[PDB]
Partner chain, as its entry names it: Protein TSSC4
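Here's a solo chain for you in structure tokens, the form deposited without the partner chain.
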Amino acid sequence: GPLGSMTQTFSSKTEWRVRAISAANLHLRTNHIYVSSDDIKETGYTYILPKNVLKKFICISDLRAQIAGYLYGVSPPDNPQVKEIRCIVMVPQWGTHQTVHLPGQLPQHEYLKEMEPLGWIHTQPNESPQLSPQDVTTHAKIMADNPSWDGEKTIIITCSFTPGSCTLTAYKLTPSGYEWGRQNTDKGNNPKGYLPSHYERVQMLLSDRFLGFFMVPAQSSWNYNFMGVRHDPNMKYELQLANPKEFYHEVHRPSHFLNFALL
């Protein structure tokens, strides 16, 4: 029993430093991107995701806090059943390991007016055999508020951090999934009514034959995970044609750079 023989002093070892070190290694995974093809029958639309924007999306992300982008695209001139993803849009957001928080307002920019919305992509820490109930709820609420999101055409792509790699899987809602998700108020992991038949897998392919681009906010950056207080479901934003900054870029965590200045 040492009140005095053995005294020790606590020394902060803060969480985000370790995660910043980890996020600096994300580029290694962009060489090991897998798409699951466990779906069958080939009936719905086929989605083609250009590798350049997917690699960038991975590189700007975090191992533990999900990030999301909005998907915009069109069909090739003569194959209406193929959807080419041409743009990812990053909007102000924050996330946990289980969900992302986006504004209510969807991207508006003239430069996107010739594309159709195709849904959204998000990262998550681990693979999962099923589409999470949070994703179903989020997608269903977006669709309920935005009739431009066609339930037969908008998808969720999940980007799961597997060993030294990323695994992509794409899903869409079913009618019953829309109806359950739009009324679901239980944010937990096992909300009542949630069913495996609330979604289904959809065919997705990676491509090197064309390039997508990004749009990002016009006056902020997209990452608010260090300033959630400044983030609001009702916030509004404009967009610009530019590429997104990585998760731990200085413009995302300016309080680390003003507070260190006090020793």
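Numbering follows the first chain given and starts at 1. Definition used throughout: the rigid core is the maximal C-alpha set that superposes within 1.5 Å between two forms.
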{"item": "Higher C-alpha RMS shift from the shown form in 6 other deposited structures of this protein - 209-217 or 39-47, rigid core fit", "value": "39-47"}
{"item": "Comparing 92-100 with 181-189, the one whose average Cα B-factor in the PDB entry is higher", "value": "181-189"}
{"item": "Between 58-66 and 223-231 (mean CA B-factor, as deposited), the higher", "value": "223-231"}
{"item": "Per the PDB entry, maximal CA B factor within 146, 124, 154, 128", "value": "128"}
{"item": "Candidate set 150, 135, 116, 78 [ranked by C-alpha B-factor, highest]", "value": "78"}
{"item": "Chain-wide C-alpha B factor ranking for residue 35, given as lowest, middle or highest third", "value": "highest"}
{"item": "Among modelled residues of the same chain, the CA temperature factor third for residue 172", "value": "middle"}
{"item": "CA B-factor placement of residue 109, once the chain's modelled residues are sorted into thirds", "value": "middle"}
{"item": "Entry-reported Cα temperature factor of residue 25, expressed as the chain third it lands in", "value": "middle"}
{"item": "Residue 215 - which third its CA temperature factor falls in, relative to the rest of the chain", "value": "lowest"}
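The discussion below concerns the form deposited with the partner chain bound, not included here.
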{"property": "All of 30, 54 and 206 within 4.5 Å of the partner chain in the deposited bound form, heavy atom check", "result": "yes"}
{"property": "Any non-hydrogen atom of residue 235 within 4.5 angstroms of the partner chain in the deposited bound form", "result": "no"}
{"property": "Contact of residue 147 with the partner chain in the deposited bound form (heavy atom, 4.5 Å)", "result": "no"}
{"property": "The partner chain contact in the deposited bound form: residue 38, any heavy atom under 4.5 Å", "result": "yes"}
{"property": "4.5 angstroms heavy atom contact with the partner chain in the deposited bound form for residue 142", "result": "no"}
{"property": "Heavy atom contact within 4.5 Å of the partner chain in the deposited bound form, the stretch among 95-103, 166-174, 148-156, 183-191", "result": "166-174"}
{"property": "Heavy atom contacts to the partner chain in the deposited bound form at 4.5 Å, residues of 241-260 in sequence order", "result": "none"}
